[PDB]
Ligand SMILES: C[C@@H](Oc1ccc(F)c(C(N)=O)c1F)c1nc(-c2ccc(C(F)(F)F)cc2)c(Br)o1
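A single chain comes next, written as structure tokens; it is the form deposited without the named molecule.
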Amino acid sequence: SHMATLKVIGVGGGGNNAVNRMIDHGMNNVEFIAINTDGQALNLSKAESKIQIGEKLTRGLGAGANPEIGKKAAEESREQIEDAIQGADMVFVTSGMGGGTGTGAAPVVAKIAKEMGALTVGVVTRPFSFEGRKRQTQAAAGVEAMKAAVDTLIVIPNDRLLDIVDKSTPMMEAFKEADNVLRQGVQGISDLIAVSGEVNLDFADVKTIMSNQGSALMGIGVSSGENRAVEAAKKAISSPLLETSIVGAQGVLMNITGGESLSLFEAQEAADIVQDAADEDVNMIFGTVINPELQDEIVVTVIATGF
């Protein structure tokens, strides 16, 4: 009856890098919008919809690390941004904080989406410490601005990438790991919408957990064999890349997908992992999907808010 329209918007260089790598990976039923001052980068964007902002301000260059330029470029193009969003039920705005375009334009894009009624989720990075204190300070101002403009915000400090690489891991492979946070969040919501689960969750449940909330965690875990439900739930709530951990979550959207062997006992085990890890009484919105194609595998999806 209702088919929710999801859009992913990349703002500035890193945000548009994320959009390009996600399109390359493959994502059906999601629409991508690339927003940048940098016309050279936009010409290389794989996104179906591209918006060059601030051409008269920047003559087609980036914003040169000045967030005021990004902010003015986005406001001067509000109509174009609204046209690109129109029809969206949910908008993911992804951006690297600390530069000129993302820091200044991403909060404007999010505000536009929110006042179009879209469930608006920000997924943003903080700069590496080696990029210096000014960049960290600019980024912090952009994070605060994003928080004021979105329904829910996921922050990925780039410094956490240094916790998951070895000395040889290519930087592009590290960036793909940060990409997965957004990509797997979008996909879990897309999967939730597409299927009528045995205990069904739908977009209105996503809205209940994410609307007007603040910090969020999105995660997915997949496991097989003995103890699969516990292991998958631990993976879903344990990202080394997130600023916001599960601890102190008070609302959780949790979906469990399994084959016909999905037992009541292990659904409780998985739910209990999330309750006990949050260390709070969690308002859980719980769903289950029996996908008989799956054999021994189980999938746990978690969206946590209420901090």
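Residue numbers run from 1 along the displayed sequence. For the two forms, the rigid core is made up of the largest set of C-alpha atoms that agree within 1.5 Å on superposition.
Missing here is the form deposited with the named molecule bound; even so, the following discussion is about that form.
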* Complete contact of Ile189, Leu201 and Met210 with the named molecule in the entry with it bound (any heavy atom, 4.5 Å) -> yes
* Asked: Quick one: which of 225 to 233, 141 to 149, 109 to 117, 86 to 94 gets within 4.5 Å of the named molecule in the entry with it bound, going by heavy atoms?
  -> 86 to 94
* **Contact of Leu253 with the named molecule in the entry with it bound (heavy atom, 4.5 Å)** => yes
* Asked: Is there a heavy atom of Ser196 no more than 4.5 Å from a heavy atom of the named molecule in the entry with it bound?
  -> yes
* Any of the heavy atoms of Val8 lying within 4.5 Å of the named molecule in the entry with it bound? -> no
* Find out whether any non-hydrogen atom of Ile154 is located within 4.5 angstroms of the named molecule in the entry with it bound, and reply yes or no. => yes
* Heavy atom within 4.5 Å of the named molecule in the entry with it bound: which residues of 118 to 137 qualify? -> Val121
* Upon rigid core superposition, which of the listed residues (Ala277, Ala41, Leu262, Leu241) is displaced by 2 angstroms or more at its Cα between this form and the one not shown? -> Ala277
* Relative Cα spacing, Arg160 and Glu280, in the entry with it bound - shift of 3 Å or more -> farther
* To do: Note whether the distance between the C-alpha atoms of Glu280 and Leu241 decreases (closer) or increases (farther) in the entry with it bound, against the displayed form; the change is 3 Å or more.
  => farther
